[PDB]
Every structure is written in structure tokens, then in C-alpha cells.
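When reading the values below, keep in mind they use all heavy atoms of this one structure, side chains included, and skip hydrogens, waters and symmetry mates. Residue numbering restarts at 1 for every chain, and letters A, B, ... go by the order of the sequence lines.
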Amino acid sequence: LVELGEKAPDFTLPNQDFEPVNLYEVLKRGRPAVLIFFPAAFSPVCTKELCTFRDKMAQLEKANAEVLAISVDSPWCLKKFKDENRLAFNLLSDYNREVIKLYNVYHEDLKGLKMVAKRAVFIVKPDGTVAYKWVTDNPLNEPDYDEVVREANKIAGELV
Amino acid sequence: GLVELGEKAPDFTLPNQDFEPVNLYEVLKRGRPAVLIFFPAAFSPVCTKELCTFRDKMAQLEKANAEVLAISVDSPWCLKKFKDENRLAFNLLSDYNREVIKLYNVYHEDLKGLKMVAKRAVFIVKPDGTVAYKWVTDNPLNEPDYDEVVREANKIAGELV
């Protein structure tokens with residue numbers, strides 16, 4: 001039920017190394033946080049005329065915001081994916097679908113797989129306000145990191 | 001949830017690392033026995049060691065003539081990656097819906113903060129669907145008796161000749 005311009009709900013989740021990462025504590029850093037969701041690592045990504053696996057999610061690293069990618073996988077699975085695309089950021093899993101529901105970002109069914117997070121993005125201001133939002137009911141609809149990054153660099157220099 | 005020894009194992013059908021439907025009794029119709037290697041989570045410290053061992057002990061597992069089927073609650077995608085990771089030969093089924101772990105009563109109430117996880121278990125269901133080997137650990141760090149697993153396995157493929 002989280003909507004743009006509002007106060008982003010706080011959650012706590014285990015990262016690749018089972019080290020719990022709290023959102024609000026991340027905000028306390030003084031820069032917006034980019035929360036990218038996704039159904040499950042090592043999955044495909046359709047592009048209208050080009051369907052591959054190649055993950056461009058590592059692009060967000062360029063952005064001058066804290067990046068926290070969330071998936072319903074496990075820390076071990078995610079820990080693997082982090083090494084794959086040499087992701088330099090933190091990936092949090094929600095094996096219990098606790099946080100995905102909080103943002104209503106979830107596929108009640110995806111190829112027989114239930115409670116699978118859908119694609120989406122939420123740039124949260126260092127104060128906890130949703131300064132940006134993007135979501136798609138399409139599982140293979142990958143975000144265009146190019147802009148999401150600049151739209152974050154904006155939100156950053158926006159409220160400094 | 002009562003997969004007692006001697007009593008027929010509940011038939012089921014799950015995906016594949018390649019999203020291919022697999023059916024228990026169907027696969028048993030091949031004539032060889034089945035081995036259900038349950039495991040908590042792919043890319044886990046012990047899980048990998050276990051299946052890795054299952055990959056390295058096929059010399060005696062193949063002359064046993066059977067059908068090995070590992071299974072966890074990870075997505076078909078996490079699993080597919082796990083296979084080529086250690087280049088396994090047998091199929092890896094996913095129970096993303098906690099269906100076969102609740103059925104075969106081998107689920108961890110909680111694990112490292114994670115809920116509903118397949119304990120580490122190895123069942124050997126002979127063609128006639130009867131369960132002959134039931135090894136279930138309360139501690140995810142305990143490995144099964146790999147040697148005997150193959151030993152008591154061929155002990156079924158033989159009796160069928």
C-alpha cells in the first residue's frame with residue numbers, strides 16, 4: 001500500500017551473509033536508498049526483441065544512493081548472485097515474504113511459484129519519504145537503470 | 001505426513017532445474033528404485049558437500065541402476081544454477097510451495113531465521129512405492145551415510161533380478 005510522496009515502511013532483513021540490514025538505519029546515512037525488487041535471481045529478463053539472462057542491475061551502483069535489492073530467495077542463493085554480477089551493493093532476501101507484502105509488490109503466482117516478488121523500484125528520501133516509484137506486473141520487465149540512477153542522483157542532490 | 005518405513009511413499013510431481021514436470025511413481029515405472037535427497041538450501045555449506053558427494057559416488061550409484069532426485073524449496077532457477085555449479089547428473093526438483101516437505105514430514109520449523117525449509121533427508125522408495133530407507137536429521141549439518149545409501153540402494157535393484 002506504499003505510495004509515492006509518503007513515508008516508506010521500515011523493515012529488517014538478512015543480507016548475503018545473514019547480517020541483518022535495517023532500512024531506517026540505512027537512511028540515517030544521509031542519502032536516499034534505492035530499493036529494487038525482483039522475483040528470483042538467476043532468472044531471465046525479456047526485452048521485447050531481446051530476451052537474455054544478462055543482469056544490468058549492477059548499474060545502480062553508479063547512483064549516489066544506497067542500493068538494497070530485495071528478493072524472496074535465500075542468503076546463500078543471493079550470496080552467489082552477488083559474486084556472479086560482481087554486485088558491489090547489498091542484497092536482502094525475504095524468504096518469508098514479510099517485506100514484499102508490506103509494499104504489495106508480489107506475484108500471487110508465477111509459473112506455479114507463489115508469493116514471488118514482482119519487479120519494482122522505490123527511491124526513499126533520507127527521511128523516509130518515497131521520492132520515486134516504478135513497478136510492473138510483468139516478471140521479465142527489467143528496470144532501465146540508466147534513468148533510475150539519474151532520477152536518484154536528482155533525489156539525492158534534491159534533498160541534501 | 002506419515003511416510004513410515006514399509007508404507008508406500010506419497011506420489012508427487014514437481015518442476016525441474018529446467019522447469020520440466022517430474023512424477024514419482026511415473027519415474028518408478030522405469031523399473032529402478034528412487035532416491036529423494038532432500039536438502040535445506042542450494043549453495044549452502046553442507047548442502048553442496050552432500051550433493052557433491054552424490055556426484056562423486058556415482059561409480060557405485062550407477063551400477064545400482066536407480067533414479068536419484070534431490071529436492072529443496074528453492075526456485076527452479078536457483079536450482080538450475082546449482083546443478084551446473086557442481087555439474088550434477090541427476091535432476092533437482094523444487095518445492096517452492098512446501099508441498100513435498102509437509103507431505104514427507106521433513107521440514108525445519110525454522111532455520112537461521114528462515115521458515116519452512118526442507119530438513120536433510122534421504123528416502124529410498126522401491127518400484128512398488130514402498131519406502132525402504134528413511135534417514136532424517138534434526139541438525140542440517142549432519143551428512144547421511146553416503147556409502148550405505150548406495151549400498152542399501154543396489155540392495156533393491158538386485159532383489160529385482
Side-chain angles (χ1 to χ4, degrees), chain A residues 11-22 38-46 51-55 57 70-85 91-101 106-119 139-140, chain B residues 12-23 39-52 70-86 92-102 107-120 140-141:
Chain A
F11 56 66
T12 298
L13 289 163
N15 63 7
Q16 321 82 48
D17 319 303
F18 272 100
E19 279 156 46
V21 187
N22 168 227
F38 62 124
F42 304 113
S43 93
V45 277
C46 174
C51 182
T52 315
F53 278 80
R54 195 210 203 307
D55 223 298
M57 200 171 254
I70 307 75
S71 195
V72 298
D73 314 309
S74 74
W76 295 290
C77 200
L78 287 181
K79 180 49 186 177
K80 180 64 179 176
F81 197 42
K82 185 198 190 294
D83 315 315
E84 274 291 72
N85 2 299
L91 305 89
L92 312 160
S93 70
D94 186 31
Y95 213 70
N96 310 299
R97 342 293 196 157
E98 307 280 64
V99 176
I100 64 167
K101 290 197 293 298
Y106 58 80
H107 287 146
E108 230 133 70
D109 256 298
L110 177 59
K111 297 187 74 175
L113 312 173
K114 308 194 179 182
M115 282 304 195
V116 199
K118 41 168 70 171
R119 286 282 188 164
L140 300 181
Chain B
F12 55 73
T13 299
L14 292 169
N16 206 193
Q17 331 98 315
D18 299 305
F19 306 73
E20 324 181 311
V22 185
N23 175 278
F39 64 111
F43 305 109
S44 166
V46 186
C47 275
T48 300
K49 185 182 178 186
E50 179 183 31
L51 302 190
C52 273
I71 158 171
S72 77
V73 296
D74 305 296
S75 76
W77 281 296
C78 191
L79 294 175
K80 161 70 178 192
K81 181 52 170 165
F82 194 38
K83 189 173 188 185
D84 299 311
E85 176 46 53
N86 307 285
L92 316 176
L93 340 181
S94 172
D95 186 32
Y96 207 85
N97 295 28
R98 327 297 145 104
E99 267 177 54
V100 183
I101 62 172
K102 289 178 180 175
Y107 62 89
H108 263 304
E109 277 296 298
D110 172 299
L111 196 57
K112 304 202 81 174
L114 319 175
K115 306 292 171 63
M116 278 314 282
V117 170
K119 312 182 180 166
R120 190 171 310 299
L141 293 165

Original post:
What pair of heavy atoms forms the shortest contact from A:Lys114 to B:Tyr96, and how long is it?
Top reply: O-CE2, 3.2 Å
**OP:** Inspect the surroundings of NZ in B:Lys49 and state if more than 12 heavy atoms from other residues, nucleotides or ligands are less than 6.0 Å away.
**Re:** no
**OP:** Counting only heavy atoms closer than 4.5 Å, note whether B:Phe19 contacts chain A via side chain, backbone, both or neither.
**Re:** side chain
Original post:
If you round to the nearest 0.5 Å, how far is CH2 of A:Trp76 from CG of B:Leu114?
Top reply: 5.5 Å
**OP:** Identify which part of A:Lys111 has an atom lying under 4.5 Å from any heavy atom of chain B, answering side chain, backbone, both or neither.
**Re:** side chain
Subject >> Side chain to side chain, A:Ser74 and B:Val73, heavy atoms closer than 4.5 Å >> reply: no
Original post:
For A:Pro75, is it the side chain, the backbone, both, or neither that has a heavy atom closer than 4.5 Å to a heavy atom of chain B?
Top reply: side chain
**OP:** Please flag which part of B:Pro15 lies under 4.5 Å from any non-hydrogen atom of chain A: side chain, backbone, both or neither.
**Re:** neither
Original post:
Do you know which of A:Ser93, A:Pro39, A:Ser43 has the most heavy-atom pairs under 4.5 Å to chain B?
Top reply: A:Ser43
Original post:
Relative to chain A, which of B:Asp74, B:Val117, B:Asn97 shows the most heavy atom pairs under 4.5 Å?
Top reply: B:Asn97
Subject >> Heavy atoms of other groups near B:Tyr107 OH, more than 12 under 6.0 Å >> reply: no
